[PDB]
Amino acid sequence: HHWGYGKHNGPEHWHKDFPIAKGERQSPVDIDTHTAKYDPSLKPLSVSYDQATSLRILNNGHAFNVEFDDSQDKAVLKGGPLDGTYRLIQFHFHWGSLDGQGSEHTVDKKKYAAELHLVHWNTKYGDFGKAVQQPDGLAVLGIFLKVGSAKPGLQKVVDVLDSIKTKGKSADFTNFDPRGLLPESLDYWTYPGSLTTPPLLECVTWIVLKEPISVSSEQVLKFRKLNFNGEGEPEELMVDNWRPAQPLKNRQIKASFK
Ligand SMILES: COc1ccc([C@H]2OC(=O)NC2=O)c(OC)c1
Ligand code: NA
Ligand SMILES: [Zn+2]
């Protein structure tokens, strides 16, 4: 598979290798804040990242992933819409060529400069590869980024990026604390959806925080210096690695806040 984000291999093409692209629970979606309803049944959200163990950062040709040790229940997400325990495995971002675009989810059609995805898998399925075959296998915590003040907790990420410029490069990335990427409020929207890249599997409970984090123009500029290509290959900047909003179909987006 040679999927990507360009004219020739971008999201409009994905359905030919991955027919579930046109499925019933695809992501991302536009969150219409006037149609989403507060749900009193939602339990409180629990982000337990105190014991998180980051290992490595990888340019996979699509984004850069900060990977965690998920061989035990270190860093977990529970509560909210979730039943049981979801283990953090990695986070990554999606971003734009310009500050006016980059997020996958939109809020009343508003696009943010970037979107952070903290990816967790349901431990009742034993491993990640089994979890992605299940409708409740993953929980993705999505956090919007807007450009304003710098986010100090992001700068360690920004600073390692020149060591992983091209596809297939990785670097040791230990002792990174993902709590420094969260906004103050855990108010969220939630809906059932999918992975936003191939294989597009319909295995995600999406939890999208309402409060964006602010990052600096300089910080997001450094994201845009990465490359989609491998070393020695013609330079294609890693920008606009986002899928546009997909049809909501027969889904309701629920708000955790009144
Ligand atoms: C193999 O693991 C994967 C594969 C794809 C995705 C995509 O879905 C998404 O929301 N962003 C993505 O890059 C993922 O993240 C949950 C994890
Ligand atoms: Na709207
Ligand atoms: Zn993502």
# chains A, B, ... in the order shown; residues from 1 in each chain; ligands from 1
$ residues_near_ligand --ligand "ligand 1" --cutoff "6 Å" --atoms "only C-alpha atoms and all ligand atoms" --output "number ranges by chain"
A: 119, 195-197
$ write_last_selection --atoms "N, CA and C atoms" --output "CSV table (one decimal), in the first residue's frame"
chain,number,residue,atom,x,y,z
A,119,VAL,N,-3.3,7.5,21.8
A,119,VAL,CA,-4.0,6.2,21.4
A,119,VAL,C,-3.9,5.2,22.4
A,195,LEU,N,-10.2,4.6,12.8
A,195,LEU,CA,-8.9,5.1,12.5
A,195,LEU,C,-9.1,6.1,11.4
A,196,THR,N,-8.3,7.1,11.4
A,196,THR,CA,-8.3,8.2,10.4
A,196,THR,C,-7.3,8.1,9.3
A,197,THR,N,-6.6,7.0,9.3
A,197,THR,CA,-5.7,6.6,8.1
A,197,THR,C,-6.0,5.1,7.9
$ residues_near_ligand --ligand "ligand 3" --cutoff "7 Å" --atoms "only C-alpha atoms and all ligand atoms" --output "list in words"
residues 92, 93, 94, 116, 117 and 196 of chain A
$ write_last_selection --atoms "N, CA and C atoms" --output "short mmCIF file (atom, residue, chain, number, x, y, z; two decimals), in the first residue's frame"
data_model
loop_
_atom_site.label_atom_id
_atom_site.label_comp_id
_atom_site.auth_asym_id
_atom_site.auth_seq_id
_atom_site.Cartn_x
_atom_site.Cartn_y
_atom_site.Cartn_z
N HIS A 92 0.55 10.90 18.56
CA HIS A 92 1.06 11.59 17.36
C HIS A 92 0.17 12.76 17.10
N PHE A 93 0.55 13.53 16.08
CA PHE A 93 -0.20 14.70 15.68
C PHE A 93 -0.53 14.63 14.18
N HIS A 94 -1.54 15.47 13.85
CA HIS A 94 -1.86 15.82 12.46
C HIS A 94 -1.82 17.32 12.37
N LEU A 116 -3.71 16.52 18.24
CA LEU A 116 -3.01 15.47 18.97
C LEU A 116 -3.93 14.29 19.24
N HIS A 117 -3.43 13.09 18.96
CA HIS A 117 -4.14 11.83 19.22
C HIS A 117 -3.33 11.01 20.17
N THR A 196 -8.26 7.13 11.39
CA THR A 196 -8.32 8.21 10.37
C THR A 196 -7.33 8.05 9.25
#
$ closest_residue --among "A:178, A:11, A:148, A:100" --to "residue 53 in chain A" --atoms "only C-alpha atoms"
A:178
$ atom_distance --atom1 "CA of residue 215 in chain A" --atom2 "CA of residue 230 in chain A"
27.4 Å
$ closest_atom_pairs --of "chain A" --to "ligand 2" --cutoff "9 Å" --atoms "only C-alpha atoms and all ligand atoms" --output "CSV"
residue,atom,partner,partner_atom_place_in_ligand_line,distance
A:30,CA,ligand 2,1 (Na),8.1
A:31,CA,ligand 2,1 (Na),7.4
A:32,CA,ligand 2,1 (Na),4.3
A:33,CA,ligand 2,1 (Na),6.1
A:34,CA,ligand 2,1 (Na),6.3
A:35,CA,ligand 2,1 (Na),7.8
A:107,CA,ligand 2,1 (Na),7.3
A:108,CA,ligand 2,1 (Na),3.7
A:109,CA,ligand 2,1 (Na),6.4
A:110,CA,ligand 2,1 (Na),8.9
$ residues_around --residues "range 59-64 of chain A" --least-positions-apart "6" --cutoff "8 Å" --atoms "only C-alpha atoms" --output "PyMOL selection string"
chain A and resi 4+92-94+164-170+227-230+238+241
$ write_last_selection --atoms "N, CA and C atoms" --output "tab-separated table (two decimals), in the first residue's frame"
chain	number	residue	atom	x	y	z
A	4	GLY	N	-1.13	8.01	1.04
A	4	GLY	CA	-0.55	9.16	1.67
A	4	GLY	C	-1.51	10.32	1.67
A	92	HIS	N	0.55	10.90	18.56
A	92	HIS	CA	1.06	11.59	17.36
A	92	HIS	C	0.17	12.76	17.10
A	93	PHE	N	0.55	13.53	16.08
A	93	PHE	CA	-0.20	14.70	15.68
A	93	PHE	C	-0.53	14.63	14.18
A	94	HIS	N	-1.54	15.47	13.85
A	94	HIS	CA	-1.86	15.82	12.46
A	94	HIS	C	-1.82	17.32	12.37
A	164	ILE	N	14.85	13.03	13.46
A	164	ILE	CA	13.97	12.06	12.79
A	164	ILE	C	13.29	12.68	11.56
A	165	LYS	N	14.08	13.41	10.76
A	165	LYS	CA	13.50	14.16	9.72
A	165	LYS	C	12.77	13.34	8.69
A	166	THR	N	13.31	12.17	8.34
A	166	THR	CA	12.80	11.39	7.25
A	166	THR	C	12.20	10.05	7.70
A	167	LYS	N	11.38	9.51	6.83
A	167	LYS	CA	10.65	8.25	7.05
A	167	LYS	C	11.54	7.10	7.44
A	168	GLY	N	11.23	6.44	8.54
A	168	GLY	CA	11.98	5.31	9.04
A	168	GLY	C	13.02	5.65	10.05
A	169	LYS	N	13.30	6.94	10.28
A	169	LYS	CA	14.17	7.35	11.35
A	169	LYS	C	13.46	7.32	12.72
A	170	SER	N	14.17	6.89	13.74
A	170	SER	CA	13.68	6.90	15.10
A	170	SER	C	14.80	7.41	16.03
A	227	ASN	N	9.80	15.42	7.00
A	227	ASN	CA	9.62	14.93	5.66
A	227	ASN	C	8.75	13.66	5.62
A	228	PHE	N	7.89	13.54	4.61
A	228	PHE	CA	7.24	12.31	4.35
A	228	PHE	C	8.19	11.26	3.75
A	229	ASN	N	9.09	11.75	2.92
A	229	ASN	CA	10.03	10.88	2.24
A	229	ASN	C	11.09	10.28	3.13
A	230	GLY	N	11.74	9.21	2.60
A	230	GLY	CA	12.95	8.66	3.20
A	230	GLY	C	14.21	9.48	2.91
A	238	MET	N	6.41	17.18	5.31
A	238	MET	CA	5.31	16.55	6.08
A	238	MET	C	4.37	17.60	6.60
A	241	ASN	N	-1.14	16.40	6.78
A	241	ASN	CA	-1.35	14.96	7.01
A	241	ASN	C	-2.61	14.66	7.76
$ closest_residue --among "A:16, A:22, A:120, A:2" --to "residue 202 in chain A" --atoms "only C-alpha atoms"
A:22
$ residues_around --residues "residue 121 in chain A" --least-positions-apart "4" --cutoff "7 Å" --atoms "only C-alpha atoms" --output "VMD selection string"
chain A and resid 86 to 88 128 131 137 to 139
$ write_last_selection --atoms "C-alpha atoms" --output "PDB file, in the first residue's frame"
ATOM      1  CA  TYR A  86      -7.376   1.344  28.010  1.00  0.00           C
ATOM      2  CA  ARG A  87      -3.567   1.389  27.835  1.00  0.00           C
ATOM      3  CA  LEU A  88      -1.587   4.184  26.255  1.00  0.00           C
ATOM      4  CA  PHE A 128      -3.192  -3.984  20.230  1.00  0.00           C
ATOM      5  CA  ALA A 131      -7.982  -4.756  19.897  1.00  0.00           C
ATOM      6  CA  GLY A 137     -10.919  -1.887  20.871  1.00  0.00           C
ATOM      7  CA  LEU A 138      -9.342   1.619  20.969  1.00  0.00           C
ATOM      8  CA  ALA A 139      -9.943   4.881  22.792  1.00  0.00           C
TER       9      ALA A 139
END
$ closest_residue --among "A:223, A:14, A:112, A:206" --to "residue 135 in chain A" --atoms "only C-alpha atoms"
A:206
$ residues_around --residues "residue 247 in chain A" --least-positions-apart "5" --cutoff "9 Å" --atoms "only C-alpha atoms" --output "number ranges by chain"
A: 22, 24-30
$ closest_atom_pairs --of "range 59-160 of chain A" --to "range 36-45 of chain A" --cutoff "12 Å" --atoms "only C-alpha atoms" --output "tab-separated table"
residue	atom	partner	partner_atom	distance
A:76	CA	A:45	CA	11.0
A:77	CA	A:45	CA	7.7
A:78	CA	A:45	CA	6.2
A:79	CA	A:45	CA	4.5
A:80	CA	A:45	CA	4.3
A:81	CA	A:42	CA	5.6
A:82	CA	A:43	CA	8.4
A:83	CA	A:43	CA	9.8
A:84	CA	A:45	CA	11.8
A:85	CA	A:45	CA	11.6
A:86	CA	A:45	CA	11.9
A:107	CA	A:36	CA	10.8
A:108	CA	A:36	CA	10.8
A:139	CA	A:45	CA	11.9
A:141	CA	A:45	CA	10.7
$ select_by_dssp --residues "range 111-193 of chain A" --states "strand (DSSP E or B)" --output "list in words"
residues 114, 115, 116, 117, 118, 119, 120, 121, 122, 138, 139, 140, 141, 142, 143, 144, 145, 146, 147, 170, 171, 172, 188, 189, 190, 191, 192 and 193 of chain A
$ closest_residue --among "A:9, A:185, A:174, A:65" --to "residue 161 in chain A" --atoms "only C-alpha atoms"
A:65
$ select_by_dssp --residues "range 47-231 of chain A" --states "alpha helix (DSSP H)" --output "number ranges by chain"
A: 128-131, 155-160, 217-223
$ closest_residue --among "A:149, A:256, A:97, A:219" --to "residue 187 in chain A" --atoms "only C-alpha atoms"
A:256
$ decode --residues "range 42-62 of chain A" --atoms "N, CA and C atoms" --output "CSV table (one decimal), in the first residue's frame"
chain,number,residue,atom,x,y,z
A,42,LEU,N,-22.7,9.8,31.3
A,42,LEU,CA,-21.3,9.7,31.1
A,42,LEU,C,-20.6,9.7,32.5
A,43,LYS,N,-19.8,8.7,32.8
A,43,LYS,CA,-19.1,8.7,34.1
A,43,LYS,C,-17.9,9.7,34.0
A,44,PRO,N,-17.3,9.9,35.1
A,44,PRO,CA,-16.1,10.9,35.0
A,44,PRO,C,-14.9,10.3,34.1
A,45,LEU,N,-14.3,11.2,33.4
A,45,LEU,CA,-13.0,10.7,32.7
A,45,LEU,C,-11.8,10.6,33.6
A,46,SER,N,-11.0,9.5,33.4
A,46,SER,CA,-9.8,9.3,34.2
A,46,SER,C,-8.6,9.1,33.4
A,47,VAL,N,-7.8,10.1,33.4
A,47,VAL,CA,-6.5,10.1,32.7
A,47,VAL,C,-5.4,9.8,33.7
A,48,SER,N,-4.9,8.6,33.7
A,48,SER,CA,-3.9,8.2,34.7
A,48,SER,C,-2.5,8.0,34.0
A,49,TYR,N,-1.8,9.1,33.9
A,49,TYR,CA,-0.5,9.0,33.2
A,49,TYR,C,0.7,9.1,34.1
A,50,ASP,N,0.5,9.1,35.4
A,50,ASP,CA,1.7,9.2,36.4
A,50,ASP,C,2.9,8.2,36.1
A,51,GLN,N,2.5,7.0,35.7
A,51,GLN,CA,3.5,6.0,35.6
A,51,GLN,C,3.9,5.7,34.1
A,52,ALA,N,3.5,6.7,33.2
A,52,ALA,CA,3.8,6.5,31.8
A,52,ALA,C,5.3,6.4,31.6
A,53,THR,N,5.7,5.5,30.7
A,53,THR,CA,7.1,5.2,30.3
A,53,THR,C,7.2,5.4,28.7
A,54,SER,N,7.7,6.5,28.3
A,54,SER,CA,7.9,6.7,26.9
A,54,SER,C,9.2,6.0,26.5
A,55,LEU,N,9.3,5.6,25.3
A,55,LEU,CA,10.5,4.9,24.8
A,55,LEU,C,11.2,5.5,23.7
A,56,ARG,N,10.5,5.9,22.6
A,56,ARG,CA,11.1,6.1,21.4
A,56,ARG,C,10.1,7.1,20.6
A,57,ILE,N,10.7,7.8,19.7
A,57,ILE,CA,10.0,8.6,18.7
A,57,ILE,C,10.3,8.2,17.3
A,58,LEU,N,9.3,8.0,16.4
A,58,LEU,CA,9.5,7.4,15.1
A,58,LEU,C,8.8,8.3,14.1
A,59,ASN,N,9.6,8.6,13.0
A,59,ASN,CA,8.9,9.1,11.8
A,59,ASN,C,8.5,8.0,10.9
A,60,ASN,N,7.2,7.7,10.8
A,60,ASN,CA,6.7,6.6,10.0
A,60,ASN,C,6.3,6.9,8.6
A,61,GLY,N,6.6,8.1,8.1
A,61,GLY,CA,6.3,8.6,6.8
A,61,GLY,C,4.9,9.2,6.7
A,62,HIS,N,4.1,9.1,7.8
A,62,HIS,CA,2.7,9.7,7.8
A,62,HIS,C,2.7,10.8,9.0
